[PDB]
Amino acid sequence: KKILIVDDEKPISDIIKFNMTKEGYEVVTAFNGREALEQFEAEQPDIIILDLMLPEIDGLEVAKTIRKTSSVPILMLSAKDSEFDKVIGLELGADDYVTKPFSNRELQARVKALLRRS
């Protein structure tokens, strides 16, 4: 199963990359909205973990732009855990919203849950 980890933070990207790889997932990474859309179009991941510096403005435009063409599960990973952020992320098309810091086992279960419904 392929996960595109759209993260502008390489350390977090490596953590998710390592755990998902240890679990058997192939990982592709993007570090900006341009790459995110580039990697999304180029790699077509089974699930996208969206974590950009601007979750709603950039990630939202990435999600908005991705949602214009794909229903690919988007697990909005964001440090922002407000209901507005949660609701807006979900209202904009995010299928799930996990807050950073996340549990590798839970993220693994949620990716699995997300993937389980796809």
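Throughout, we count residues from 1 along the sequence that is shown.
- Two stretches are in play, 64-72 and 50-58, and the higher mean C-alpha B-factor belongs to 50-58.
- When the modelled residues of the chain are ordered by their C-alpha B factor, residue 85 lands in the lowest third.
- In the deposited entry, the Cα temperature factor of residue 91 sits in the top third of values across the chain's modelled residues.
- Annotation for residue 38: CA B-factor lies in the highest third of the chain's modelled residues.
- In the PDB entry, residue 108 places in the middle third of its chain by CA B-factor.
- When the modelled residues of the chain are ordered by C-alpha B-factor, residue 13 sits in the middle third.
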